[PDB]
Every structure is written in structure tokens, then in C-alpha cells.
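Trainee: Following this message is one structure expressed as C-alpha cells.
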Amino acid sequence: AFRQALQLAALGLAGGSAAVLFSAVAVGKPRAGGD
């Protein structure tokens, strides 16, 4: 779980204030592939 751990550490370190905004905009924001 080396990739599952690093991806999780950066998640809680980069998914709090920007997450609430991503969902607030996704209300109408089209899905252009993603990542």
C-alpha cells in the first residue's frame, strides 16, 4: 500500500478548503476528463 499511503497523506494535506469549492462549482461545471 505504498501508493495508497502517499496518495492518502497528500489527500488530508490537500483536500479541505479546495474540496468544498470543487463541489460547489461542480454543480454545473462540465466533466472534461478530470485528471
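By order of appearance in the C-alpha cells: chains A, B, ..., then residues from 1 within every chain, and ligands from 1 in the order shown.
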Can you check which residues of chain A DSSP gives as alpha helix (DSSP H) on the backbone and send them as a ChimeraX atom specification?
Mentor: /A:2-9,17-25
Trainee: So what do you get for CA of residue 25 in chain A versus CA of residue 5 in chain A, distance-wise?
Mentor: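 Going from CA of residue 25 in chain A over to CA of residue 5 in chain A covers 28.2 Å.
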Trainee: Any idea what the distance is between CA of residue 24 in chain A and CA of residue 3 in chain A?
Mentor: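 Computing it gives 28.6 Å between the two atoms.
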